[PDB]
Amino acid sequence: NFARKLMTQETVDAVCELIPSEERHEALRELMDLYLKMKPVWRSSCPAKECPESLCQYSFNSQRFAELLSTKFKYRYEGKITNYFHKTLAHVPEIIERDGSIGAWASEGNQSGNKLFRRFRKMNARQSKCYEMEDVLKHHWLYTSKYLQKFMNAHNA
Amino acid sequence: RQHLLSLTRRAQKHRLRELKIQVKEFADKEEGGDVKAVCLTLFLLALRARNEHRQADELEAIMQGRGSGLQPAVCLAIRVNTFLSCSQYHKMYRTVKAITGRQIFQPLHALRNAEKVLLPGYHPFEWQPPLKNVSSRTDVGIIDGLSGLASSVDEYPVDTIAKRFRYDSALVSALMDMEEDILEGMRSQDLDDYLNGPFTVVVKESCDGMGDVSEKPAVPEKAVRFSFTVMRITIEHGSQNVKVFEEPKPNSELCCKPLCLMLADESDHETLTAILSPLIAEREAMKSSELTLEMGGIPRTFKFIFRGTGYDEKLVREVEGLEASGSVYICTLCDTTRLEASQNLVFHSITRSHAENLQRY
Amino acid sequence: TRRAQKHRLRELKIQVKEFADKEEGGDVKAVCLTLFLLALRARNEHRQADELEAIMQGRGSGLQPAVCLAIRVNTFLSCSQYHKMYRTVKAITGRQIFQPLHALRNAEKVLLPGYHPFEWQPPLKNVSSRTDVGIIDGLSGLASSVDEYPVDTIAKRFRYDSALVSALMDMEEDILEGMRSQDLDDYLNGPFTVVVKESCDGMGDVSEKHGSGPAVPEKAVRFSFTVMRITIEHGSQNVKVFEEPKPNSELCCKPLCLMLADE
Ligand SMILES: [Ca+2]
Ligand SMILES: [Ca+2]
Ligand SMILES: [Zn+2]
């Protein structure tokens with residue numbers, strides 16, 4: 001939520017009042033602008049059909065972003081460059097043409113299971129360190145079966 | 001004599017006993033030995049002749065059909081999707097039955113005997129061609145995750161608890177737990193329900209420790225969950241294949257099914273290997289077979305393709321065979337120095353298989 | 001079909017028709033319902049037996065919002081999961097039996113102090129004669145500012161009178177049954193002498209965190225009372241129209257105040 005909230009154009013508008021130079025203004029404007037222009041490809045669940053105009057932009061829209069990262073910002077991205085930038089720069093369209101989407105095949109689906117694991121440990125337990133995960137696994141499976149959630153989504157006339 | 005409803009427990013019985021037995025034995029001598037069905041139908045007729053069709057219609061609904069009260073699957077679903085413990089559920093049950101006279105919730109033994117159809121390990125199936133190193137019994141639920149790793153004071157000390165299914169057991173249980181969806185897909189895509197062509201299933205895996213889940217000088221513990229989810233089901237029909245099953249939300253929380261979980265680390269490499277290696281053994285085993293089981297009427301067949309993807313970045317740097325994160329070779333797909341990415345930015349390709357890393361090792 | 005059994009079993013029609021006519025004289029509805037109920041009771045499927053007894057008794061499907069509140073709070077459920085249970089039994093049964101949350105709050109504020117009228121015949125100096133007052137702060141207007149002594153204790157409180165009238169009104173069927181059972185009428189005035197014992201206890205620490213490990217010992221303490229004995233002197237003697245069967249339980253100690261401090 002913090003990650004989504006921090007990325008606004010208006011945040012660039014807010015930091016522009018704390019920096020003097022016009023050069024830095026237009027540089028940061030282009031930076032966040034290109035990042036938001038290139039976001040939704042790897043973000044969605046079906047970008048090959050849902051937002052497919054920004055699909056074919058991505059090579060061009062990444063190359064200019066990389067180049068103005070080089071020239072305008074060689075103070076920092078001359079030696080070390082972090083690897084996630086290399087991943088989001090040079091390997092997205094090969095993967096997309098290989099494998100359809102990206103944001104489907106994510107680790108989002110499990111990492112939110114912390115609340116389910118914690119609550120199941122708290123409220124449905126027997127505290128014997130051998131069953132104490134057995135019933136957790138049983139309830140966790142019994143949650144995520146679809147035959148039951150069909151009953152829970154009944155209010156959908 | 002006063003009224004049948006003012007009469008006590010066997011007062012009405014011994015009052016109209018002779019009439020009762022004479023018409024009952026006349027009926028079961030008349031209509032081939034059943035009195036309940038014919039008596040209920042004539043009671044419906046005798047009530048509904050008196051312009052009271054409402055009670056007759058709801059009675060015809062609830063007998064030979066649904067209506068008031070709940071199926072056991074309903075009450076199980078609403079027990080689990082509110083995370084209520086058993087005892088409070090029992091109290092809710094007993095006070096509802098005490099207030100309304102009816103029986104809408106189900107009792108707890110009736111709950112478990114409808115539960116056992118929904119775990120892994122219930123339904124028969126046949127692996128063909130069969131699987132080496134795999135016990136062929138189809139009555140497998142919870143076993144211990146250690147695979148009976150002998151653990152005494154002379155061997156390596158272990159400290160972890162892990163419970164798991166087997167892979168095929170949870171896989172067929174997840175397959176039978178979406179019969180409605182696959183039959184809906186086959187109905188909607190102008191196919192025939194009587195088709196047992198070799199479906200292809202594509203399945204996503206995932207594994208990310210969930211450390212610091214401890215509960216009480218504070219010493220912590222960690223835990224690792226290994227999990228999967230059916231993602232896309234298709235069938236090669238004629239000269240093309242066609243999807244019977246996609247997903248609305250792939251990375252949902254309520255559609256990520258567990259497979260194994262352990263009270264260990266993501267960095268304690270020994271225990272992690274010794275637990276997860278049966279699972280990777282079975283995973284390698286069922287990549288060259290067909291699966292056969294009864295799916296609502298006709299039995300059908302299956303194949304598989306796996307894509308272990310949902311590992312984060314640190315784990316896939318730790319199990320596939322790379323070094324730690326702060327290396328010089330950074331891309332887990334290409335092979336370039338960190339220093340190289342500063343000069344050339346975007347011109348590589350994916351060039352890292354699995355067996356290539358085996359031969360490089 | 002409908003006509004098939006009507007022709008095949010018109011013999012049973014005329015048979016039980018005339019036999020109810022000659023036994024007790026024509027109540028084909030009652031004998032036919034009792035005979036079908038005995039036919040299905042014998043199958044040991046008694047859920048259908050008392051469901052039919054309920055529907056021909058004319059029982060109601062839904063229930064009290066008050067008993068909905070009781071079953072809600074005695075399972076410790078949030079409002080959210082209650083909405084889940086409400087909507088699922090609505091969509092499954094077709095008829096609505098559990099109740100929405102408007103009725104729960106509305107039946108709820110019936111029970112709190114501050115809904116009924118009440119009066120004192122002496123005027124009660126320094127006591128706010130407003131009757132619409134429930135939960136207010138226990139600080140009684142204490143300044144905790146930087147110019148004053150520093151306090152931190154969060155206080156929640158009623159007034160003593162409104163809680164007393166609520167705890168006397170909620171036991172109304174107890175005192176009515178005491179009036180019937182101990183041989184008196186409904187139309188008997190008091191004055192009822194009320195034995196109220198009082199208590200206050202600290203509870204140790206009441207918190208736990210996850211963030212920075214060792215958390216703080218938040219000490220807490222509530223102040224509480226108990227209605228335990230309702231007496232009335234009429235005639236010559238007095239009669240204990242309510243004795244509490246067990247005053248030291250965890251169901252009969254109504255609270256007054258909560259504060260987060262040490263004893
Ligand atoms: Ca994580
Ligand atoms: Ca991780
Ligand atoms: Zn690369």
# chains A, B, ... in the order shown; residues from 1 in each chain; ligands from 1
$ residues_around --residues "residue 260 (chain C)" --least-positions-apart "5" --cutoff "8 Å" --atoms "only C-alpha atoms" --output "number ranges by chain"
C: 153-155, 218-221
$ interface_residues --of "chain A" --to "chain B" --cutoff "8 Å" --atoms "only C-alpha atoms" --output "mmCIF file with C-alpha atoms, in the first residue's frame"
data_model
loop_
_atom_site.group_PDB
_atom_site.id
_atom_site.type_symbol
_atom_site.label_atom_id
_atom_site.label_comp_id
_atom_site.auth_asym_id
_atom_site.auth_seq_id
_atom_site.Cartn_x
_atom_site.Cartn_y
_atom_site.Cartn_z
ATOM 1 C CA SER A 45 -2.979 -10.684 -15.104
ATOM 2 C CA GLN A 63 15.374 1.993 -23.969
ATOM 3 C CA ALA A 66 17.616 3.364 -19.608
ATOM 4 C CA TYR A 77 24.320 4.304 -12.202
ATOM 5 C CA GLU A 78 27.834 4.199 -13.550
ATOM 6 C CA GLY A 79 29.220 1.422 -11.386
ATOM 7 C CA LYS A 80 26.753 -0.554 -9.321
ATOM 8 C CA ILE A 81 23.256 -0.998 -10.766
ATOM 9 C CA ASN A 83 19.569 -6.231 -10.340
ATOM 10 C CA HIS A 86 18.076 -5.302 -14.987
ATOM 11 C CA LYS A 87 15.188 -7.723 -14.654
ATOM 12 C CA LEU A 89 14.552 -3.646 -18.127
ATOM 13 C CA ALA A 90 15.868 -6.442 -20.310
ATOM 14 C CA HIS A 91 13.887 -9.592 -19.634
ATOM 15 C CA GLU A 94 11.152 -12.171 -23.792
ATOM 16 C CA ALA A 104 -0.464 -14.152 -12.747
ATOM 17 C CA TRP A 105 2.562 -16.248 -11.846
ATOM 18 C CA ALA A 106 3.464 -14.328 -8.728
ATOM 19 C CA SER A 107 4.218 -14.976 -5.105
ATOM 20 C CA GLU A 108 1.339 -12.703 -4.086
ATOM 21 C CA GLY A 109 -0.976 -15.648 -3.634
ATOM 22 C CA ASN A 110 0.847 -17.254 -0.730
ATOM 23 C CA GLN A 111 2.551 -14.394 1.171
ATOM 24 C CA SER A 112 -0.848 -13.168 2.267
ATOM 25 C CA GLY A 113 -1.324 -16.566 3.915
ATOM 26 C CA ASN A 114 0.416 -15.319 7.063
ATOM 27 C CA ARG A 118 -1.498 -17.274 12.446
ATOM 28 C CA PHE A 120 -5.477 -21.031 12.538
ATOM 29 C CA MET A 123 -8.071 -20.376 17.426
ATOM 30 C CA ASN A 124 -8.129 -23.956 16.126
ATOM 31 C CA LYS A 129 3.423 -29.976 18.500
ATOM 32 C CA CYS A 130 2.546 -32.901 16.219
ATOM 33 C CA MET A 133 0.246 -28.387 12.597
ATOM 34 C CA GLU A 134 -1.896 -31.293 11.373
ATOM 35 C CA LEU A 137 -3.081 -28.049 7.443
ATOM 36 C CA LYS A 138 -6.508 -29.691 7.496
ATOM 37 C CA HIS A 139 -8.308 -26.407 8.112
ATOM 38 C CA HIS A 140 -6.145 -24.592 5.596
ATOM 39 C CA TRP A 141 -7.002 -27.104 2.921
ATOM 40 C CA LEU A 142 -10.651 -27.078 3.978
ATOM 41 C CA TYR A 143 -10.603 -23.342 3.477
ATOM 42 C CA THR A 144 -9.266 -23.230 0.005
ATOM 43 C CA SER A 145 -11.329 -25.903 -1.657
ATOM 44 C CA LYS A 146 -13.511 -24.385 -4.328
ATOM 45 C CA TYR A 147 -16.543 -26.608 -3.705
ATOM 46 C CA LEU A 148 -17.134 -24.773 -0.465
ATOM 47 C CA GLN A 149 -16.448 -21.231 -1.650
ATOM 48 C CA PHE A 151 -21.556 -22.048 -1.450
ATOM 49 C CA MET A 152 -20.181 -18.929 0.192
#
$ select_by_dssp --residues "region 16-184 of chain C" --states "strand (DSSP E)" --output "VMD selection string"
chain C and resid 136 to 137 155 to 157
$ write_last_selection --atoms "N, CA and C atoms" --output "PDB file, in the first residue's frame"
ATOM      1  N   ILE C 136     -19.914   7.716  29.537  1.00  0.00           N
ATOM      2  CA  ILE C 136     -19.109   8.923  29.515  1.00  0.00           C
ATOM      3  C   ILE C 136     -17.763   8.594  30.144  1.00  0.00           C
ATOM      4  N   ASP C 137     -16.832   9.537  30.042  1.00  0.00           N
ATOM      5  CA  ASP C 137     -15.489   9.307  30.555  1.00  0.00           C
ATOM      6  C   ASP C 137     -15.486   9.292  32.072  1.00  0.00           C
ATOM      7  N   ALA C 155     -10.183   6.073  30.918  1.00  0.00           N
ATOM      8  CA  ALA C 155     -11.261   5.700  31.819  1.00  0.00           C
ATOM      9  C   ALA C 155     -12.585   5.663  31.082  1.00  0.00           C
ATOM     10  N   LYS C 156     -13.326   4.588  31.280  1.00  0.00           N
ATOM     11  CA  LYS C 156     -14.658   4.466  30.721  1.00  0.00           C
ATOM     12  C   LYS C 156     -15.637   4.062  31.809  1.00  0.00           C
ATOM     13  N   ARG C 157     -16.826   4.658  31.766  1.00  0.00           N
ATOM     14  CA  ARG C 157     -17.711   4.633  32.917  1.00  0.00           C
ATOM     15  C   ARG C 157     -19.152   4.867  32.494  1.00  0.00           C
TER      16      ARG C 157
END
$ closest_atom_pairs --of "chain C" --to "chain B" --cutoff "9 Å" --atoms "only C-alpha atoms" --output "tab-separated table"
residue	atom	partner	partner_atom	distance
C:2	CA	B:45	CA	8.2
C:5	CA	B:38	CA	7.8
C:6	CA	B:42	CA	7.8
C:9	CA	B:42	CA	8.2
C:12	CA	B:23	CA	7.2
C:13	CA	B:42	CA	8.0
C:15	CA	B:23	CA	8.0
C:16	CA	B:23	CA	7.7
C:19	CA	B:19	CA	7.3
C:20	CA	B:19	CA	8.9
C:23	CA	B:16	CA	8.4
C:24	CA	B:1	CA	7.1
C:28	CA	B:46	CA	7.9
C:29	CA	B:47	CA	6.7
C:30	CA	B:4	CA	7.0
C:31	CA	B:4	CA	7.5
C:32	CA	B:43	CA	5.9
C:33	CA	B:43	CA	6.7
C:34	CA	B:4	CA	7.6
C:35	CA	B:20	CA	7.0
C:36	CA	B:40	CA	5.7
C:37	CA	B:40	CA	8.7
C:38	CA	B:13	CA	8.7
C:39	CA	B:36	CA	5.3
C:40	CA	B:36	CA	6.2
C:43	CA	B:36	CA	8.8
C:47	CA	B:103	CA	6.7
C:48	CA	B:63	CA	8.4
C:50	CA	B:102	CA	6.7
C:51	CA	B:102	CA	5.5
C:52	CA	B:59	CA	8.1
C:53	CA	B:101	CA	8.8
C:54	CA	B:101	CA	6.6
C:55	CA	B:55	CA	7.5
C:56	CA	B:55	CA	8.0
C:59	CA	B:100	CA	7.5
C:60	CA	B:100	CA	7.3
C:61	CA	B:100	CA	7.3
C:62	CA	B:100	CA	8.1
C:63	CA	B:100	CA	7.4
C:67	CA	B:99	CA	8.8
C:71	CA	B:92	CA	6.7
C:74	CA	B:88	CA	8.1
C:75	CA	B:88	CA	5.9
C:77	CA	B:82	CA	8.7
C:81	CA	B:82	CA	6.0
C:82	CA	B:82	CA	8.7
C:84	CA	B:82	CA	8.0
C:85	CA	B:78	CA	6.8
C:88	CA	B:78	CA	7.9
C:89	CA	B:70	CA	8.8
C:92	CA	B:70	CA	8.1
C:93	CA	B:68	CA	6.1
C:94	CA	B:67	CA	8.0
C:95	CA	B:68	CA	8.7
C:208	CA	B:216	CA	8.8
C:210	CA	B:215	CA	8.5
C:213	CA	B:218	CA	6.5
C:214	CA	B:218	CA	7.1
$ interface_residues --of "chain A" --to "chain C" --cutoff "10 Å" --atoms "only C-alpha atoms" --output "list in words"
residues 151, 152, 153, 154, 155, 156 and 157 of chain A
$ write_last_selection --atoms "N, CA and C atoms" --output "PDB file, in the first residue's frame"
ATOM      1  N   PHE A 151     -20.418 -22.245  -2.342  1.00  0.00           N
ATOM      2  CA  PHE A 151     -21.556 -22.048  -1.450  1.00  0.00           C
ATOM      3  C   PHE A 151     -21.500 -20.680  -0.798  1.00  0.00           C
ATOM      4  N   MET A 152     -20.297 -20.215  -0.475  1.00  0.00           N
ATOM      5  CA  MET A 152     -20.181 -18.929   0.192  1.00  0.00           C
ATOM      6  C   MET A 152     -20.464 -17.763  -0.728  1.00  0.00           C
ATOM      7  N   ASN A 153     -20.268 -17.929  -2.027  1.00  0.00           N
ATOM      8  CA  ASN A 153     -20.584 -16.864  -2.966  1.00  0.00           C
ATOM      9  C   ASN A 153     -21.999 -16.976  -3.492  1.00  0.00           C
ATOM     10  N   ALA A 154     -22.921 -17.451  -2.657  1.00  0.00           N
ATOM     11  CA  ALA A 154     -24.275 -17.707  -3.116  1.00  0.00           C
ATOM     12  C   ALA A 154     -25.037 -16.424  -3.391  1.00  0.00           C
ATOM     13  N   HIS A 155     -24.661 -15.323  -2.750  1.00  0.00           N
ATOM     14  CA  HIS A 155     -25.448 -14.104  -2.867  1.00  0.00           C
ATOM     15  C   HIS A 155     -25.151 -13.352  -4.162  1.00  0.00           C
ATOM     16  N   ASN A 156     -25.195 -14.046  -5.289  1.00  0.00           N
ATOM     17  CA  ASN A 156     -24.757 -13.477  -6.546  1.00  0.00           C
ATOM     18  C   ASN A 156     -25.767 -13.797  -7.631  1.00  0.00           C
ATOM     19  N   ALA A 157     -27.027 -13.499  -7.350  1.00  0.00           N
ATOM     20  CA  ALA A 157     -28.074 -13.559  -8.356  1.00  0.00           C
ATOM     21  C   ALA A 157     -27.871 -12.458  -9.389  1.00  0.00           C
TER      22      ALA A 157
END
$ select_by_dssp --residues "region 17-235 of chain B" --states "helix (DSSP H, G or I)" --output "ChimeraX atom specification"
/B:17-28,36-48,53-62,72-80,86-100,108-115,167-176,179-188
$ residues_around --residues "residue 48 (chain A)" --least-positions-apart "2" --cutoff "12 Å" --atoms "only C-alpha atoms" --output "list in words"
residues 40, 41, 42, 43, 44, 45, 46, 50, 51, 52, 53, 54, 55, 56, 93, 95, 96, 97, 98, 99, 100, 101, 102 and 103 of chain A
$ residues_around --residues "residue 239 (chain C)" --least-positions-apart "6" --cutoff "10 Å" --atoms "only C-alpha atoms" --output "count of residues only"
8
$ residues_around --residues "residue 197 (chain C)" --least-positions-apart "6" --cutoff "12 Å" --atoms "only C-alpha atoms" --output "mmCIF file with N, CA, C and O atoms, in the first residue's frame"
data_model
loop_
_atom_site.group_PDB
_atom_site.id
_atom_site.type_symbol
_atom_site.label_atom_id
_atom_site.label_comp_id
_atom_site.auth_asym_id
_atom_site.auth_seq_id
_atom_site.Cartn_x
_atom_site.Cartn_y
_atom_site.Cartn_z
ATOM 1 N N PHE C 223 -13.973 -1.627 37.995
ATOM 2 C CA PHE C 223 -14.796 -1.471 39.185
ATOM 3 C C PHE C 223 -16.194 -1.947 38.838
ATOM 4 O O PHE C 223 -16.706 -1.619 37.762
ATOM 5 N N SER C 224 -16.814 -2.686 39.756
ATOM 6 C CA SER C 224 -17.957 -3.523 39.422
ATOM 7 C C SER C 224 -18.891 -3.666 40.610
ATOM 8 O O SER C 224 -18.508 -3.450 41.759
ATOM 9 N N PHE C 225 -20.125 -4.064 40.321
ATOM 10 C CA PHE C 225 -21.126 -4.299 41.348
ATOM 11 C C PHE C 225 -21.916 -5.557 41.034
ATOM 12 O O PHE C 225 -21.747 -6.185 39.989
ATOM 13 N N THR C 226 -22.802 -5.913 41.955
ATOM 14 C CA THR C 226 -23.577 -7.138 41.816
ATOM 15 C C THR C 226 -24.915 -6.954 42.504
ATOM 16 O O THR C 226 -24.954 -6.618 43.692
ATOM 17 N N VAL C 227 -25.999 -7.150 41.770
ATOM 18 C CA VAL C 227 -27.305 -7.297 42.394
ATOM 19 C C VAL C 227 -27.456 -8.740 42.832
ATOM 20 O O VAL C 227 -27.311 -9.659 42.021
ATOM 21 N N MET C 228 -27.731 -8.957 44.114
ATOM 22 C CA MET C 228 -27.808 -10.336 44.557
ATOM 23 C C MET C 228 -29.043 -10.692 45.363
ATOM 24 O O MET C 228 -29.344 -11.884 45.461
ATOM 25 N N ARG C 229 -29.787 -9.740 45.922
ATOM 26 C CA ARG C 229 -30.909 -10.122 46.770
ATOM 27 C C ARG C 229 -31.969 -9.031 46.766
ATOM 28 O O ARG C 229 -31.723 -7.915 47.237
ATOM 29 N N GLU C 244 -30.022 -14.794 44.814
ATOM 30 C CA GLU C 244 -29.120 -15.216 43.756
ATOM 31 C C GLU C 244 -28.581 -16.606 44.066
ATOM 32 O O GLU C 244 -28.051 -16.825 45.159
ATOM 33 N N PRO C 247 -23.688 -16.009 43.752
ATOM 34 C CA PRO C 247 -23.216 -14.650 43.485
ATOM 35 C C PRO C 247 -21.810 -14.600 42.944
ATOM 36 O O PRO C 247 -21.444 -13.603 42.312
ATOM 37 N N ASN C 248 -20.999 -15.615 43.190
ATOM 38 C CA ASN C 248 -19.621 -15.599 42.721
ATOM 39 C C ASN C 248 -19.464 -16.487 41.493
ATOM 40 O O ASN C 248 -18.960 -17.605 41.532
ATOM 41 N N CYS C 252 -22.526 -12.801 36.788
ATOM 42 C CA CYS C 252 -23.349 -11.952 37.636
ATOM 43 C C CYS C 252 -22.560 -10.834 38.301
ATOM 44 O O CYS C 252 -22.931 -10.395 39.393
ATOM 45 N N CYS C 253 -21.493 -10.352 37.678
ATOM 46 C CA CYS C 253 -20.729 -9.225 38.206
ATOM 47 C C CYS C 253 -20.716 -8.132 37.148
ATOM 48 O O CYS C 253 -19.807 -8.052 36.323
ATOM 49 N N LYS C 254 -21.728 -7.290 37.181
ATOM 50 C CA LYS C 254 -21.830 -6.213 36.217
ATOM 51 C C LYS C 254 -20.772 -5.159 36.508
ATOM 52 O O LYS C 254 -20.519 -4.849 37.674
ATOM 53 N N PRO C 255 -20.137 -4.595 35.493
ATOM 54 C CA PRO C 255 -19.069 -3.621 35.714
ATOM 55 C C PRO C 255 -19.566 -2.187 35.771
ATOM 56 O O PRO C 255 -20.638 -1.845 35.274
#
$ atom_distance --atom1 "CA of residue 161 (chain C)" --atom2 "CA of residue 184 (chain C)"
27.9 Å
$ residues_around --residues "region 4-10 of chain A" --least-positions-apart "5" --cutoff "10 Å" --atoms "only C-alpha atoms" --output "ChimeraX atom specification"
/A:15-16,28-33,35-36
$ residues_around --residues "region 284-293 of chain B" --least-positions-apart "3" --cutoff "7 Å" --atoms "only C-alpha atoms" --output "ChimeraX atom specification"
/B:124-129,131,280-281,299-305
